[PDB]
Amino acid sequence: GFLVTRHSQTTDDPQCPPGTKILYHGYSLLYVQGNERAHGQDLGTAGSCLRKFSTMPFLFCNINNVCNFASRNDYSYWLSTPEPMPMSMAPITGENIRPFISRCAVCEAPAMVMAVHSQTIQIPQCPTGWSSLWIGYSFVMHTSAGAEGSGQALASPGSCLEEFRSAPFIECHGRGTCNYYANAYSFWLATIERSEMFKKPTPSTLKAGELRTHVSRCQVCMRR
């Protein structure tokens, strides 16, 4: 009766972890933004896995009983793939969007699943009696257009992404355009030294090849 959701972060359908059975595959939805308000779907839940993709998978209705679809200025955000952005840096449209959207799998699990975080570069062990499903990086929250965004439950598998990406998602518009924008930010749990917990954090700016050195690791486990 329990469901586990996994994201490939590529154009390939990910496989259900061991001990789980597939229900359906889809596209990785991170969150939407309607009338300037962001609303996310926890990545560890089936809500982050939609059977069908669209830059505008929703519409809105008013008190006069009139509904408007893709007519205003709303957004949709999806986990993305390693697909490089065009050299022009201009918005991607139509079929050209497909290579950039991550795929997901919703599976039936026989027991509950959780994520544990070490807050170090070390992989945290699963609690006694729990078995490992996968390991990854501690993903906490994110922001994009209008500095709006959402985040993940740190106890959920959604807070444990298998592949670290500085820009793990792409921004799409009702107009049909998608692109990566400079103001998008991804937030991850940082590594902390037990002896320095109650010490002034030491500011640090990391460049490629140093990025993951300060990112906390995690492991997703099932109680079975």
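Counting begins at 1, following the sequence as shown.
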query	finding
Between 142-150 and 103-111 (mean CA B-factor, as deposited), the higher	103-111
Selected stretch [higher average CA B-factor]: 69-77 or 87-95	87-95
Highest-ranked of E162, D42, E171, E193 once sorted by CA temperature factor in the record	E193
Third of chain Cα B-factors occupied by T202	middle
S216 by Cα B-factor - lowest, middle or highest third of the modelled chain	lowest
Ranked C-alpha temperature factor of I63 among modelled chain residues, by third	highest
Position of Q9 among the chain's modelled residues by C-alpha B-factor, lowest, middle or highest third	lowest
Cα B factor band for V116 (lowest, middle or highest third within the chain)	lowest
